[PDB]
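Asks: Starting from these lines, generate the structure:
(3 chains, ligands or ions: 1)
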Amino acid sequence: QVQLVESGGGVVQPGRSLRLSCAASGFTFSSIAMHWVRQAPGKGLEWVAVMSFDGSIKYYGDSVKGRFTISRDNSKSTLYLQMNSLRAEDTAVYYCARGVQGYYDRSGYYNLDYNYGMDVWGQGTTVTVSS
Amino acid sequence: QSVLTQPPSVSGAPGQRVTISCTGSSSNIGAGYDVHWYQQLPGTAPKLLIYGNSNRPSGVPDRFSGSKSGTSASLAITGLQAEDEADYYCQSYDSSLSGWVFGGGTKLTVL
Amino acid sequence: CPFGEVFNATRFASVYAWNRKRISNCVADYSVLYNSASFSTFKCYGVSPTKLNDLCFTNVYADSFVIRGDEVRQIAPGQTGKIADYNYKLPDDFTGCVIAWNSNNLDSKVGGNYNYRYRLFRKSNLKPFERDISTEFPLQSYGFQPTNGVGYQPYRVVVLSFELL
Ligand SMILES: *[C@@H]1O[C@H](CO)[C@@H](O)[C@H](O)[C@H]1NC(C)=O
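Replies: Numbering: from 1, shown residues only, chains lettered A, B, ... in the order given. The coordinates are given below.
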């Protein structure tokens, strides 16, 4: 029954904004981290944004460092990627990917798991930006 | 463009053993993080194929195996069928940029 | 008191029939096991060490076995494979501490002894914490030559598990 539902993509004037969503049902959403990854059409995949188990630890990729912001909603079990000031390269198709349930720690310091991939992938949304 | 440099297009005759090489840096693979492997059919979203450099989830056959020694990893298809024409991406985690890096993606098709 | 033995035992049973050991009404040290550099993975999932001294845990479990090297990435929660699917599967809301250390000079003979076993063929994949010692040929050995890869070398991994009254 596990599946990710995505919605929020379409055509966007470059400079006014858009906010992506990613639903999740069939597992526990408030235990597993979540990743955002994208693909310009034809080229290779790329990593965009992560949010931790609760929302305390965030990391970002080099090309979305600053114009992209991730935030998840555990009340209705939904992940959101907020993007503003789109560019000519960011025309891409966007996947939210289930991370790992690892919230491992030795000597107290809770930290994300950096050895596991991205297990189950949704069909994702596409965005199209052009002046 | 990417961080991991894998060959852009490899292919072979059916019934053979094709290895999709994927070499990396001294900051991500040589650090110790594990190269995973993905399978992207044309027009679909990629699914996990091999994690932890050698494991395999339930659903993939025992044909796709892996390896990692030093700063190099490689998938290995054995006895490929016609239903494997997808794209294959090697994913690791970088410690310098603190981010998960991908590969260029290798176009595999039957012959 | 309780688990000075299970981390320094001389013979770990295989993953196809692991040996859970419960401990009750003893003192809980929980400090000789951490701050030791000989452990490779020290993933703890529910509760954290250095705050693990609330002795309300009754019947603390300790499952111990031996898996090959890069299959200790199957003893996380979730993580389907052929070790968390047919041999030994952790629950999804797991609050424990999976500990794995290397075995250079202990399990790998120069001949590469075939004493260890892991199950390959099984219908109806396991529920959490399910042993199946049955043999009707589903098992297969490893082979542990000391010039194997670092990923093909046995990791004597032991899992702690807690519960309450
Ligand atoms: C178990 O082995 C470790 C390995 O260094 C050692 O430090 C510890 O004292 C041993 N436990 C005993 C002897 O009870």
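
Asks: Which strand or helix spans the most centrally placed residue in chain A?
Replies: The centre of chain A sits closest to residue A:36, judged by CA atoms, centre = their mean, with a distance of 2.3 Å. Element membership of residue A:36 [criterion: DSSP states H and E] is strand A:34-39.

Asks: Direction included, what does that strand pair up with?
Replies: Strand pairing for strand A:34-39, determined by DSSP bridges: strand A:45-51 (antiparallel), strand A:93-98 (antiparallel).

Asks: for it, the distance to its chain's centre please.
Replies: Remark: strand A:34-39 is offset 4 Å from the chain centroid, using CA atoms, centre = their mean, to the nearest Å.

Asks: can I get the CA coordinates of it in PDB?
Replies: The C-alpha trace of strand A:34-39 is given here as PDB (Å, rounded to 0.1, in the frame of the first residue of the first chain):
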ATOM      1  CA  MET A  34      13.000  12.500   3.600                       C
ATOM      2  CA  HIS A  35      15.000  13.700   0.600                       C
ATOM      3  CA  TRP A  36      14.200  15.900  -2.400                       C
ATOM      4  CA  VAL A  37      16.000  15.200  -5.700                       C
ATOM      5  CA  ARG A  38      15.500  16.600  -9.200                       C
ATOM      6  CA  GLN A  39      16.400  15.900 -12.800                       C
END
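
Asks: What residues are bridge-paired with the residue nearest to the centre of chain A?
Replies: For residue A:36, the beta-bridge partners are residue A:49, residue A:96 (DSSP bridges).

Asks: For it, list the residues it contacts.
Replies: Residues in contact with residue A:36, defined by CB atoms under 8 Å, 6 or more residues apart in numbering or on different chains, are A:22, A:48-50, A:70, A:79, A:81, A:94-97. All C-beta spots, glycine's among them, are computed from the backbone N, C-alpha and C.

Asks: Quick check: it vs the ligand, distance?
Replies: Applying CB to the nearest ligand atom, to the nearest Å, one obtains 43 Å for the distance of residue A:36 from the ligand.

Asks: ok, and the closest non-adjacent residue to the residue in chain B that chain C sits nearest to?
Replies: Among the residues of chain B, residue B:52 lies nearest to chain C; the distance is 3.7 Å by CB to the nearest CB. Using CB to CB, 6 or more residues apart in numbering or on different chains and skipping residues adjacent in sequence, the residue nearest residue B:52 is residue C:73, 3.7 Å away.

Asks: Can I take it that that neighbour is in a helix?
Replies: Yes: counting by DSSP: H, G, I helix; E, B strand; the rest coil, residue C:73 is found in a helix.

Asks: how much space between it and residue A:11?
Replies: Shown here: residue C:73 relative to residue A:11, a distance of 42 Å by CB to CB, to the nearest Å.

Asks: Neighbour count for the two, which is higher?
Replies: Between residue C:73 and residue A:11, counted using other CB atoms under 10 Å in any protein chain shown, residue C:73 has the larger neighbour count: 26 against 10.

Asks: Show me which residues of chain C are close to chain A?
Replies: C:34-35, C:42-45, C:48-51, C:73, C:76-79, C:92-93 (CB under 8 Å from any CB of the partner chain).

Asks: can I assume residue C:6 is in contact with residue C:64?
Replies: Yes: Residue C:6 lies in contact with residue C:64 (CB atoms under 8 Å); the separation is 5.6 Å.

Asks: what sits in contact with each of those two?
Replies: With CB under 8 Å, 6+ apart as the test, residue C:6 and residue C:64 both reach C:21, C:158.

Asks: In terms of neighbours, single out the busier of those two.
Replies: Higher neighbour count among residue C:6 and residue C:64: residue C:64, with 21 against 16, using other CB under 10 Å.

Asks: Could you give the secondary structure assignment for the closest residue to the more buried one other than its chain neighbours?
Replies: Distances taken as CB to CB, 6+ apart place residue C:158 nearest to residue C:64, at 4.0 Å, with adjacent residues excluded. For residue C:158, the assignment made with three-state DSSP gives strand.

Asks: measure residue C:158 to residue C:41 for me?
Replies: 11 Å.

Asks: what sits in contact with each of those two?
Replies: C:98-100.

Asks: got a markdown table for the strands paired with strand A:34-39, with mean neighbour count too?
Replies: A markdown table is the format used below for these (neighbours: other CB atoms under 10 Å in any protein chain shown):
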| stretch | mean neighbour count |
| --- | --- |
| strand A:45-51 | 23 |
| strand A:93-98 | 24 |
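
Asks: And those strands: which comes nearest residue B:67?
Replies: Of all the strands paired with strand A:34-39, strand A:45-51 sits nearest to residue B:67, with 21.8 Å by CB to CB.

Asks: before we move on, back to that, please give me every residue in contact with the residue nearest to residue C:64.
Replies: Neighbours of residue C:158 in contact, by CB under 8 Å, 6+ apart: C:6-7, C:62-65, C:98-100.
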